[PDB]
Amino acid sequence: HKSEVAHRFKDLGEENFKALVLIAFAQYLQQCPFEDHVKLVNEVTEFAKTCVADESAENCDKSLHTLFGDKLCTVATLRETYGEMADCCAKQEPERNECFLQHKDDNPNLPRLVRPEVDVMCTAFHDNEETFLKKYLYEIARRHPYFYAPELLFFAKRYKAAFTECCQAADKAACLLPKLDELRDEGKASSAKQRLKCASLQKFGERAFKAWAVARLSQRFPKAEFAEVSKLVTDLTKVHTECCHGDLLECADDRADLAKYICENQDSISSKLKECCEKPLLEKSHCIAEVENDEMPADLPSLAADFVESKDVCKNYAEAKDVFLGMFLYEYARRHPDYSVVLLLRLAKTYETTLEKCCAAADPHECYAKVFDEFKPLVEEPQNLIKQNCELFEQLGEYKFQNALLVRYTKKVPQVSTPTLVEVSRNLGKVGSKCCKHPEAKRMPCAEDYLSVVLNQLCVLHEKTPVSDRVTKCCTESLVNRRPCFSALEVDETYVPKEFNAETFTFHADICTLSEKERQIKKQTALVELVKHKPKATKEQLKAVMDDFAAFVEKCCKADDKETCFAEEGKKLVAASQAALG
Ligand SMILES: CCCCCCCCCCCCCC(=O)O
Ligand SMILES: CCCCCCCCCCCCCC(=O)O
Ligand SMILES: CCCCCCCCCCCCCC(=O)O
Ligand SMILES: CCCCCCCCCCCCCC(=O)O
Ligand SMILES: CCCCCCCCCCCCCC(=O)O
Ligand SMILES: O=C(O)c1ccccc1O
Ligand SMILES: O=C(O)c1ccccc1O
C-alpha cells in the first residue's frame, strides 16, 4: 500500500510509534546522547504525520527500510563516533541495512545503570513523567540491541504502573523496590531466553529447533491436529531465524502475520486464545506466546497402539523418518503438559535411536517391542529431583536452602570462583521458591524454564574463562543432556583444599549494619571458602560450625562493645572450628 509510514503510524498510534522509533534508534546509534534521539523521534514523527495527511506526499512513497536508513546516515558524527558503520551509507539499500546489522555491537562498554533513591525517582517521575520514562527506555534499549522492541515497550508500561502506584503510596521504598527488583529480573530472564533460542537455532540447527517447537506447541494446543501444529512450527521457525538475524521490521511483520493466522483459525487451535486475539496489534504476539495450555481431548487413544503395535511402524518411520518422529512428539507432547520440553525430546530421541537399531534386525516387532519401558527412568529422574529438592526447600527456607545448595556445588566443582558459586547457588535457590509453590502438575516445566538460563548464564561465564573440564563437558554437551550432566557431577576428589586464610574468616561489625540481603552474601562467601578449606567436611561437622557462627553474630552484635567479640570471641571460633575439622 501507498506510504508504509502512514500505515504503520495509523494502526500503531502516535504514542507507541514514538516509543518504538526511540528504541530502534537507541539500538543502532547506541553512543549518541538522549537528546539527539529525541530530535530524531520528533523529526520522524512530524514526517510520519505528513504521510498520514497526504499519502502521496514527499517520500511517503518510500519504504520503511529506506527511510530509516537515509535518516540514520544523516547523523553527522557517524564516521567520527561509529567510524566503520558510516561506510554502510554508501551501499545501496538491501546491502545498506544488512551492513547496519553487522555493526550493531551486541555488547557496548556502557556503564552499569544505577538505581537512584526512591525519592529522587518518584520526584523525577512526577516532575516530568514523559522524559523520565523515555529516557530510561533509551538506557535499556542501547544496552540490549537485540531485545525485540515491542517487548521492551511492554516492560515500560509495567515500569510506569509501578510508580503510579508506589510513588502515591505512603511507604514508597517499601512499595517500589520489591516491584522493581521482580521487574528487573523478569526482564533479565526475558533477555537471556532470547539469546538462548537464537544461539541454539545456530548450534543445533533447524531440525532440533523444530523438534523443540513441535513439542512445545502441541503441549499448548493439544486439541489442534498435527497438520496444523506443523504449519505453525514451520512459520514460527521462519520467524525466529529472522528475528535472530536482527532486522526488527521483517521480524515484527513475520510475528504479526503469525498471530493473524492463529486468531483466524482460532477455533481449530485453542480455546484459550480468546483474550489475546481481542488485544491490539502490539500485544497479540506477546500475549499469544504466553497463553496457558488448552485442555486435552480425554478422548485420546494410547501411544502404544500406533507407535508400538501395528507392523506398520518401520514402514511409516521410513516413508519419512522426521514426520513420523515428529508425530510421536506431538502425540506424546499433548498428553503431557507436565513434562519439561527437553524431557519430551529426551524420549523422542530414545525412541528414534531404538527404531534405528531395530528396523534393521531380525524380527522388528520384537525389537521395538518394549520401548516405553526404557522411558520410565527418563521421566523418573527429573521428577525425583523436583520433589527431593522442593521437599528440602519447604523444610529450610529459601536462604537456608541456598546454603545447602552452595555446600553441594562447591564440593562438586571447587575450582569455580567463589563469587560465581554464590551467584549461581542463589538464582538456583530462587527458582526453588518460584516453582515449588506450583502444584506438581506444573513444576517440571517451571524449573526447565528458569534453570535453562541460569545454566546458559553459567556456561558463558565459564566459557569466558574456563576452570574445569567437566563443567565444559556439560556446557558443550547436547542441549538436552545439559541438565543431567550437571546433575551428574560427583564430588571432586582430585581437588586439594585451599590453605587456611586466617583473613578470610575475620569479621568486624559491618555485618550488624548491612542490608539482610547483603548480610548473607557475606556469610555465603565464607561458607564457600570454609568448604574449600576443608571439603572432606561432613554435613554434621559443617552444620556444627554454622551454628557456632550463626550464634556468634548475634549474642555479640547486640553486645555493648559491638566490636570486642568479633576480633575477640572471633579468635575462639576460628581456633575452635579448625580443631573440629582437623
Ligand atoms: C524496561 C523499560 C524501563 C524503563 C524505565 C523505567 C524505570 C527504571 C528505573 C531504574 C531501574 C533500572 C534497573 C534496576 O532496577 O537496577
Ligand atoms: C523507521 C520506522 C520504524 C517504525 C516502527 C515499526 C515497528 C512496527 C512493529 C509492529 C508490531 C507487531 C506486533 C508483534 O508482532 O508483537
Ligand atoms: C531449587 C531448584 C530446584 C530445581 C528442580 C530440580 C531439578 C529438576 C530438573 C530440572 C529439569 C527439567 C528439564 C529436564 O528434564 O532436564
Ligand atoms: C559454577 C558451578 C556451578 C556448579 C553447579 C551445577 C549447576 C547444577 C544445576 C542444575 C541441576 C540441579 C539438580 C542436580 O544438582 O542434579
Ligand atoms: C577454619 C574455620 C573457619 C570458621 C569460620 C567459618 C564461618 C563460616 C560462616 C557460616 C555462615 C552460615 C550462614 C548463616 O549463619 O546463616
Ligand atoms: O532492568 C530492566 O528493567 C530490564 C528490562 C528488559 C530487559 C533487560 C533488563 O535488564
Ligand atoms: O512468538 C510467537 O509469536 C508465538 C505465536 C504462537 C505460539 C507460540 C509463540 O511463541
# chains A, B, ... in the order shown; residues from 1 in each chain; ligands from 1
$ residues_near_ligand --ligand "ligand 3" --cutoff "6 Å" --atoms "only C-alpha atoms and all ligand atoms" --output "VMD selection string"
chain A and resid 340 342 to 343 382 385 to 386 389 428 to 429 431 to 432 444 447 to 448 483
$ residues_near_ligand --ligand "ligand 5" --cutoff "7 Å" --atoms "only C-alpha atoms and all ligand atoms" --output "PyMOL selection string"
chain A and resi 400+403+500+505+520+523-524+526-527+530+545-547+549-550+573-574+577-578
$ write_last_selection --atoms "C-alpha atoms" --output "mmCIF file, in the first residue's frame"
data_model
loop_
_atom_site.group_PDB
_atom_site.id
_atom_site.type_symbol
_atom_site.label_atom_id
_atom_site.label_comp_id
_atom_site.auth_asym_id
_atom_site.auth_seq_id
_atom_site.Cartn_x
_atom_site.Cartn_y
_atom_site.Cartn_z
ATOM 1 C CA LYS A 400 18.922 -21.928 54.431
ATOM 2 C CA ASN A 403 23.246 -22.631 51.718
ATOM 3 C CA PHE A 500 43.934 -21.664 55.785
ATOM 4 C CA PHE A 505 37.366 -15.744 58.321
ATOM 5 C CA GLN A 520 24.067 -13.097 53.724
ATOM 6 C CA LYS A 523 28.123 -15.339 55.150
ATOM 7 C CA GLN A 524 27.573 -17.220 51.864
ATOM 8 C CA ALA A 526 32.773 -17.597 53.915
ATOM 9 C CA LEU A 527 30.862 -20.856 53.700
ATOM 10 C CA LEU A 530 35.130 -22.996 54.511
ATOM 11 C CA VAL A 545 30.181 -24.700 62.642
ATOM 12 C CA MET A 546 27.333 -22.750 61.025
ATOM 13 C CA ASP A 547 25.692 -22.921 64.439
ATOM 14 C CA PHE A 549 28.867 -18.856 63.884
ATOM 15 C CA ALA A 550 25.186 -18.036 63.441
ATOM 16 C CA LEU A 573 35.656 -19.565 66.920
ATOM 17 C CA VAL A 574 38.408 -19.724 64.301
ATOM 18 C CA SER A 577 36.398 -24.592 64.497
ATOM 19 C CA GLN A 578 39.544 -25.957 62.886
#
$ residues_near_ligand --ligand "ligand 6" --cutoff "12 Å" --atoms "only C-alpha atoms and all ligand atoms" --output "JSON list (two decimals) with N, CA and C atoms, in the first residue's frame"
[["chain", "number", "residue", "atom", "x", "y", "z"],
["A", 112, "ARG", "N", 27.23, 0.47, 34.21],
["A", 112, "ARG", "CA", 26.13, -0.24, 34.83],
["A", 112, "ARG", "C", 25.13, 0.84, 35.22],
["A", 113, "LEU", "N", 23.90, 0.70, 34.74],
["A", 113, "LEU", "CA", 22.84, 1.65, 35.04],
["A", 113, "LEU", "C", 22.57, 1.60, 36.55],
["A", 114, "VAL", "N", 22.67, 2.73, 37.24],
["A", 114, "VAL", "CA", 22.42, 2.72, 38.68],
["A", 114, "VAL", "C", 20.98, 3.08, 39.05],
["A", 115, "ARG", "N", 20.58, 2.62, 40.22],
["A", 115, "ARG", "CA", 19.24, 2.88, 40.71],
["A", 115, "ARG", "C", 19.29, 4.04, 41.71],
["A", 133, "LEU", "N", 10.42, 8.37, 31.68],
["A", 133, "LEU", "CA", 10.32, 7.03, 31.15],
["A", 133, "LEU", "C", 11.06, 6.83, 29.85],
["A", 136, "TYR", "N", 14.82, 6.36, 30.18],
["A", 136, "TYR", "CA", 15.32, 5.10, 30.69],
["A", 136, "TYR", "C", 15.07, 4.04, 29.64],
["A", 137, "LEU", "N", 13.98, 4.20, 28.91],
["A", 137, "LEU", "CA", 13.63, 3.29, 27.83],
["A", 137, "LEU", "C", 14.86, 3.25, 26.92],
["A", 138, "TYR", "N", 15.44, 4.44, 26.72],
["A", 138, "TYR", "CA", 16.63, 4.64, 25.90],
["A", 138, "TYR", "C", 17.85, 3.97, 26.56],
["A", 139, "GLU", "N", 17.94, 4.07, 27.88],
["A", 139, "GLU", "CA", 19.02, 3.47, 28.66],
["A", 139, "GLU", "C", 19.07, 1.95, 28.50],
["A", 140, "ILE", "N", 17.91, 1.30, 28.52],
["A", 140, "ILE", "CA", 17.87, -0.13, 28.37],
["A", 140, "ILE", "C", 18.12, -0.50, 26.91],
["A", 141, "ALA", "N", 17.33, 0.08, 26.02],
["A", 141, "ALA", "CA", 17.44, -0.21, 24.60],
["A", 141, "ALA", "C", 18.85, -0.21, 24.03],
["A", 142, "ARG", "N", 19.69, 0.76, 24.41],
["A", 142, "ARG", "CA", 21.05, 0.82, 23.85],
["A", 142, "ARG", "C", 21.97, -0.27, 24.41],
["A", 143, "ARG", "N", 21.66, -0.75, 25.61],
["A", 143, "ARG", "CA", 22.44, -1.79, 26.26],
["A", 143, "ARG", "C", 22.01, -3.22, 25.81],
["A", 144, "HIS", "N", 20.84, -3.33, 25.17],
["A", 144, "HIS", "CA", 20.33, -4.61, 24.69],
["A", 144, "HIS", "C", 19.87, -4.43, 23.26],
["A", 145, "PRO", "N", 20.83, -4.24, 22.33],
["A", 145, "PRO", "CA", 20.47, -4.04, 20.93],
["A", 145, "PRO", "C", 19.59, -5.08, 20.25],
["A", 146, "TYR", "N", 19.51, -6.29, 20.79],
["A", 146, "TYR", "CA", 18.69, -7.31, 20.13],
["A", 146, "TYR", "C", 17.34, -7.62, 20.76],
["A", 147, "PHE", "N", 17.01, -6.91, 21.84],
["A", 147, "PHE", "CA", 15.74, -7.08, 22.55],
["A", 147, "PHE", "C", 14.58, -6.65, 21.65],
["A", 148, "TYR", "N", 13.70, -7.57, 21.30],
["A", 148, "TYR", "CA", 12.55, -7.23, 20.45],
["A", 148, "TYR", "C", 11.86, -6.00, 21.05],
["A", 149, "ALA", "N", 11.84, -4.90, 20.28],
["A", 149, "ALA", "CA", 11.27, -3.62, 20.73],
["A", 149, "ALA", "C", 9.89, -3.66, 21.35],
["A", 150, "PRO", "N", 8.90, -4.18, 20.62],
["A", 150, "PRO", "CA", 7.56, -4.22, 21.19],
["A", 150, "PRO", "C", 7.55, -4.76, 22.62],
["A", 151, "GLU", "N", 8.40, -5.75, 22.87],
["A", 151, "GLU", "CA", 8.54, -6.40, 24.17],
["A", 151, "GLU", "C", 9.13, -5.43, 25.18],
["A", 152, "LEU", "N", 10.17, -4.73, 24.74],
["A", 152, "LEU", "CA", 10.85, -3.76, 25.57],
["A", 152, "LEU", "C", 9.89, -2.64, 25.93],
["A", 153, "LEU", "N", 8.96, -2.38, 25.03],
["A", 153, "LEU", "CA", 7.96, -1.36, 25.24],
["A", 153, "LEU", "C", 7.01, -1.85, 26.34],
["A", 154, "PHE", "N", 6.55, -3.09, 26.21],
["A", 154, "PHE", "CA", 5.66, -3.71, 27.18],
["A", 154, "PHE", "C", 6.26, -3.63, 28.59],
["A", 155, "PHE", "N", 7.56, -3.86, 28.72],
["A", 155, "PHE", "CA", 8.21, -3.79, 30.02],
["A", 155, "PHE", "C", 8.19, -2.36, 30.56],
["A", 156, "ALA", "N", 8.02, -1.39, 29.67],
["A", 156, "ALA", "CA", 7.98, 0.01, 30.05],
["A", 156, "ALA", "C", 6.66, 0.33, 30.72],
["A", 157, "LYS", "N", 5.57, -0.04, 30.07],
["A", 157, "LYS", "CA", 4.23, 0.18, 30.61],
["A", 157, "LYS", "C", 4.14, -0.37, 32.04],
["A", 158, "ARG", "N", 4.81, -1.50, 32.29],
["A", 158, "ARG", "CA", 4.82, -2.15, 33.61],
["A", 158, "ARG", "C", 5.63, -1.35, 34.61],
["A", 159, "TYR", "N", 6.70, -0.72, 34.12],
["A", 159, "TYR", "CA", 7.53, 0.12, 34.96],
["A", 159, "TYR", "C", 6.75, 1.36, 35.36],
["A", 160, "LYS", "N", 5.97, 1.90, 34.42],
["A", 160, "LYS", "CA", 5.18, 3.09, 34.70],
["A", 160, "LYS", "C", 4.19, 2.81, 35.81],
["A", 162, "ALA", "N", 4.21, 0.85, 38.08],
["A", 162, "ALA", "CA", 4.85, 0.65, 39.39],
["A", 162, "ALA", "C", 5.05, 1.95, 40.15],
["A", 179, "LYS", "N", 8.88, -4.38, 43.73],
["A", 179, "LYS", "CA", 8.24, -4.44, 42.42],
["A", 179, "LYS", "C", 9.26, -4.21, 41.32],
["A", 180, "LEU", "N", 10.24, -3.36, 41.61],
["A", 180, "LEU", "CA", 11.27, -3.06, 40.64],
["A", 180, "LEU", "C", 12.20, -4.24, 40.48],
["A", 181, "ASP", "N", 12.62, -4.83, 41.59],
["A", 181, "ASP", "CA", 13.52, -6.00, 41.54],
["A", 181, "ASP", "C", 12.92, -7.12, 40.70],
["A", 182, "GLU", "N", 11.69, -7.49, 41.02],
["A", 182, "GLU", "CA", 10.99, -8.55, 40.31],
["A", 182, "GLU", "C", 10.89, -8.18, 38.83],
["A", 183, "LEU", "N", 10.70, -6.90, 38.57],
["A", 183, "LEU", "CA", 10.58, -6.41, 37.21],
["A", 183, "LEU", "C", 11.93, -6.49, 36.50],
["A", 184, "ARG", "N", 12.99, -6.15, 37.22],
["A", 184, "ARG", "CA", 14.32, -6.21, 36.64],
["A", 184, "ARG", "C", 14.58, -7.64, 36.20],
["A", 185, "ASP", "N", 14.63, -8.56, 37.17],
["A", 185, "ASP", "CA", 14.88, -9.97, 36.90],
["A", 185, "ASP", "C", 14.06, -10.53, 35.75],
["A", 186, "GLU", "N", 12.76, -10.31, 35.80],
["A", 186, "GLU", "CA", 11.89, -10.78, 34.75],
["A", 186, "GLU", "C", 12.46, -10.32, 33.40],
["A", 187, "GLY", "N", 12.84, -9.04, 33.33],
["A", 187, "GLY", "CA", 13.40, -8.50, 32.10],
["A", 187, "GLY", "C", 14.74, -9.13, 31.75],
["A", 188, "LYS", "N", 15.54, -9.44, 32.76],
["A", 188, "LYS", "CA", 16.84, -10.07, 32.55],
["A", 188, "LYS", "C", 16.60, -11.50, 32.06],
["A", 189, "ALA", "N", 15.63, -12.17, 32.67],
["A", 189, "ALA", "CA", 15.28, -13.53, 32.29],
["A", 189, "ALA", "C", 14.84, -13.53, 30.84],
["A", 190, "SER", "N", 13.96, -12.58, 30.51],
["A", 190, "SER", "CA", 13.40, -12.42, 29.17],
["A", 190, "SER", "C", 14.50, -12.24, 28.15],
["A", 191, "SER", "N", 15.45, -11.38, 28.45],
["A", 191, "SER", "CA", 16.54, -11.14, 27.53],
["A", 191, "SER", "C", 17.39, -12.41, 27.34],
["A", 192, "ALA", "N", 17.72, -13.10, 28.42],
["A", 192, "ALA", "CA", 18.53, -14.33, 28.31],
["A", 192, "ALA", "C", 17.85, -15.41, 27.47],
["A", 193, "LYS", "N", 16.55, -15.59, 27.64],
["A", 193, "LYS", "CA", 15.83, -16.59, 26.88],
["A", 193, "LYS", "C", 15.86, -16.25, 25.41],
["A", 194, "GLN", "N", 15.99, -14.97, 25.08],
["A", 194, "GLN", "CA", 16.01, -14.58, 23.67],
["A", 194, "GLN", "C", 17.33, -14.94, 23.00],
["A", 195, "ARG", "N", 18.44, -14.82, 23.74],
["A", 195, "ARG", "CA", 19.73, -15.17, 23.17],
["A", 195, "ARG", "C", 19.86, -16.68, 23.07]]
$ residues_near_ligand --ligand "ligand 7" --cutoff "9 Å" --atoms "only C-alpha atoms and all ligand atoms" --output "PyMOL selection string"
chain A and resi 213+216-217+220-221+232-233+236+239-240+254-259+262+284-291
$ write_last_selection --atoms "N, CA and C atoms" --output "short mmCIF file (atom, residue, chain, number, x, y, z; two decimals), in the first residue's frame"
data_model
loop_
_atom_site.label_atom_id
_atom_site.label_comp_id
_atom_site.auth_asym_id
_atom_site.auth_seq_id
_atom_site.Cartn_x
_atom_site.Cartn_y
_atom_site.Cartn_z
N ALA A 213 10.09 -27.16 18.99
CA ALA A 213 8.89 -26.36 18.69
C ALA A 213 7.60 -27.17 18.58
N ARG A 216 6.64 -28.19 22.26
CA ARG A 216 6.10 -27.08 23.00
C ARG A 216 4.78 -26.57 22.44
N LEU A 217 4.59 -26.62 21.13
CA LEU A 217 3.32 -26.12 20.59
C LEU A 217 2.17 -27.05 20.88
N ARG A 220 0.75 -27.03 24.22
CA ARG A 220 -0.16 -25.87 24.42
C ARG A 220 -1.46 -25.89 23.61
N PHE A 221 -1.44 -26.49 22.43
CA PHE A 221 -2.62 -26.56 21.59
C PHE A 221 -2.94 -28.03 21.33
N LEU A 232 2.13 -24.21 11.88
CA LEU A 232 2.61 -23.26 12.88
C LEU A 232 4.11 -23.38 13.18
N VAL A 233 4.60 -24.61 13.37
CA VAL A 233 6.01 -24.86 13.68
C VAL A 233 6.93 -24.42 12.54
N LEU A 236 6.62 -20.40 12.71
CA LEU A 236 7.25 -20.00 13.97
C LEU A 236 8.76 -20.05 13.80
N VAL A 239 10.07 -17.21 11.63
CA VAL A 239 10.10 -16.05 12.50
C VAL A 239 11.41 -15.94 13.26
N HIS A 240 11.70 -16.91 14.12
CA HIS A 240 12.93 -16.90 14.94
C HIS A 240 14.23 -16.77 14.15
N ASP A 254 6.68 -10.59 10.42
CA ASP A 254 6.53 -12.04 10.50
C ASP A 254 5.67 -12.39 11.73
N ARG A 255 6.02 -11.85 12.90
CA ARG A 255 5.27 -12.09 14.12
C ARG A 255 3.82 -11.62 14.00
N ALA A 256 3.60 -10.53 13.28
CA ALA A 256 2.25 -10.00 13.12
C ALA A 256 1.40 -11.06 12.43
N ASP A 257 1.79 -11.41 11.21
CA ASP A 257 1.09 -12.40 10.42
C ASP A 257 0.80 -13.65 11.22
N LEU A 258 1.85 -14.28 11.74
CA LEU A 258 1.71 -15.50 12.52
C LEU A 258 0.58 -15.40 13.53
N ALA A 259 0.35 -14.21 14.06
CA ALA A 259 -0.70 -14.03 15.05
C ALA A 259 -2.07 -13.90 14.38
N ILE A 262 -3.17 -17.55 13.59
CA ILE A 262 -3.63 -18.16 14.81
C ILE A 262 -4.99 -17.67 15.25
N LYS A 284 -0.89 -8.78 20.83
CA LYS A 284 -1.35 -10.09 20.35
C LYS A 284 -0.25 -11.15 20.43
N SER A 285 0.87 -10.86 19.78
CA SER A 285 2.01 -11.75 19.74
C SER A 285 2.46 -12.12 21.15
N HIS A 286 3.00 -11.14 21.87
CA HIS A 286 3.48 -11.33 23.23
C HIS A 286 2.48 -12.15 24.03
N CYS A 287 1.21 -11.77 23.90
CA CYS A 287 0.12 -12.42 24.60
C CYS A 287 0.00 -13.88 24.19
N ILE A 288 -0.21 -14.10 22.89
CA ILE A 288 -0.36 -15.44 22.35
C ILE A 288 0.78 -16.36 22.76
N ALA A 289 2.01 -15.86 22.75
CA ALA A 289 3.14 -16.68 23.11
C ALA A 289 3.18 -16.95 24.60
N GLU A 290 2.24 -16.37 25.33
CA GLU A 290 2.22 -16.55 26.78
C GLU A 290 0.97 -17.28 27.27
N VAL A 291 0.04 -17.54 26.35
CA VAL A 291 -1.20 -18.22 26.68
C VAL A 291 -0.97 -19.55 27.39
#
$ residues_near_ligand --ligand "ligand 2" --cutoff "9 Å" --atoms "only C-alpha atoms and all ligand atoms" --output "count of residues only"
47
$ atom_distance --atom1 "CA of residue 168 (chain A)" --atom2 "CA of residue 517 (chain A)"
26.1 Å
$ residues_near_ligand --ligand "ligand 4" --cutoff "8 Å" --atoms "only C-alpha atoms and all ligand atoms" --output "list in words"
residues 385, 409, 410, 412, 413, 416, 417, 420, 421, 424, 425, 428, 451, 455, 458, 462, 471, 483, 484, 486, 487, 488 and 489 of chain A
$ write_last_selection --atoms "N, CA, C and O atoms" --output "compact mmCIF listing (two decimals), in the first residue's frame"
# COMPACT_ATOMS: atom_id res chain seq x y z
N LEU A 385 14.18 -35.46 41.34
CA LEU A 385 14.91 -34.27 41.75
C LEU A 385 13.94 -33.19 42.19
O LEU A 385 14.06 -32.63 43.27
N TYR A 409 27.29 -27.81 45.48
CA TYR A 409 28.05 -27.47 44.28
C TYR A 409 29.51 -27.07 44.49
O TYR A 409 30.35 -27.23 43.60
N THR A 410 29.83 -26.57 45.67
CA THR A 410 31.21 -26.19 45.93
C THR A 410 32.03 -27.47 46.02
O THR A 410 33.18 -27.51 45.59
N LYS A 412 31.29 -30.27 44.47
CA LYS A 412 31.33 -30.81 43.11
C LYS A 412 32.40 -30.15 42.23
O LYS A 412 33.18 -30.84 41.61
N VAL A 413 32.41 -28.82 42.17
CA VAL A 413 33.42 -28.09 41.39
C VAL A 413 34.03 -26.98 42.23
O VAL A 413 33.66 -25.82 42.11
N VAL A 416 35.65 -23.59 40.77
CA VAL A 416 34.93 -22.38 40.38
C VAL A 416 35.19 -21.26 41.37
O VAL A 416 35.43 -21.51 42.56
N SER A 417 35.14 -20.02 40.89
CA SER A 417 35.36 -18.87 41.75
C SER A 417 34.21 -18.75 42.73
O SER A 417 33.07 -19.09 42.41
N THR A 420 31.08 -16.55 41.70
CA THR A 420 30.27 -17.32 40.76
C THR A 420 29.46 -18.40 41.47
O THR A 420 28.26 -18.56 41.22
N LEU A 421 30.11 -19.15 42.36
CA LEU A 421 29.42 -20.19 43.11
C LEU A 421 28.22 -19.58 43.82
O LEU A 421 27.11 -20.07 43.68
N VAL A 424 25.38 -18.26 41.37
CA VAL A 424 24.61 -19.39 40.90
C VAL A 424 23.77 -20.02 42.00
O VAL A 424 22.55 -20.11 41.86
N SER A 425 24.40 -20.44 43.10
CA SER A 425 23.68 -21.05 44.22
C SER A 425 22.50 -20.21 44.67
O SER A 425 21.63 -20.68 45.41
N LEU A 428 19.63 -20.26 41.65
CA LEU A 428 19.16 -21.63 41.68
C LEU A 428 18.13 -21.76 42.80
O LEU A 428 16.98 -22.16 42.57
N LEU A 451 15.81 -22.62 35.06
CA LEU A 451 17.06 -23.36 35.04
C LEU A 451 17.82 -23.22 33.73
O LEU A 451 19.03 -23.12 33.72
N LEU A 455 21.71 -21.83 33.57
CA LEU A 455 22.74 -22.76 33.10
C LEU A 455 23.45 -22.15 31.90
O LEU A 455 24.66 -22.31 31.74
N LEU A 458 25.71 -19.60 33.41
CA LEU A 458 26.90 -20.26 33.91
C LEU A 458 27.83 -20.73 32.81
O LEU A 458 29.05 -20.59 32.90
N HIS A 462 31.88 -19.28 32.45
CA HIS A 462 32.90 -20.29 32.42
C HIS A 462 33.60 -20.33 31.07
O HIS A 462 34.79 -20.61 30.99
N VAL A 471 32.61 -29.13 33.78
CA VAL A 471 31.69 -28.04 33.51
C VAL A 471 31.71 -27.66 32.04
O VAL A 471 30.72 -27.20 31.49
N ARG A 483 21.37 -30.50 31.44
CA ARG A 483 20.98 -30.54 32.85
C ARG A 483 21.37 -31.85 33.55
O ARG A 483 21.89 -31.83 34.67
N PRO A 484 21.14 -33.01 32.91
CA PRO A 484 21.50 -34.27 33.55
C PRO A 484 22.99 -34.30 33.86
O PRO A 484 23.41 -34.77 34.92
N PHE A 486 25.02 -31.89 34.62
CA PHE A 486 25.38 -31.09 35.79
C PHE A 486 24.83 -31.82 36.99
O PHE A 486 25.39 -31.78 38.08
N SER A 487 23.70 -32.49 36.76
CA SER A 487 23.05 -33.26 37.79
C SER A 487 23.91 -34.45 38.13
O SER A 487 23.87 -34.97 39.25
N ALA A 488 24.73 -34.84 37.15
CA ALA A 488 25.63 -35.99 37.25
C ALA A 488 27.00 -35.71 37.84
O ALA A 488 27.77 -36.64 38.07
N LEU A 489 27.33 -34.44 38.07
CA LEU A 489 28.64 -34.12 38.63
C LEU A 489 28.77 -34.73 40.02
O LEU A 489 27.87 -34.61 40.84
$ closest_residue --among "A:59, A:131, A:384, A:109" --to "ligand 1" --atoms "only C-alpha atoms and all ligand atoms"
A:131
$ select_by_dssp --residues "region 318-511 of chain A" --states "alpha helix (DSSP H)" --output "ChimeraX atom specification"
/A:318-319,321-334,341-356,364-367,372-395,398-412,418-435,443-464,469-476,482-487
$ atom_distance --atom1 "CA of residue 173 (chain A)" --atom2 "CA of residue 122 (chain A)"
9.8 Å
$ atom_distance --atom1 "CA of residue 476 (chain A)" --atom2 "CA of residue 214 (chain A)"
23.9 Å
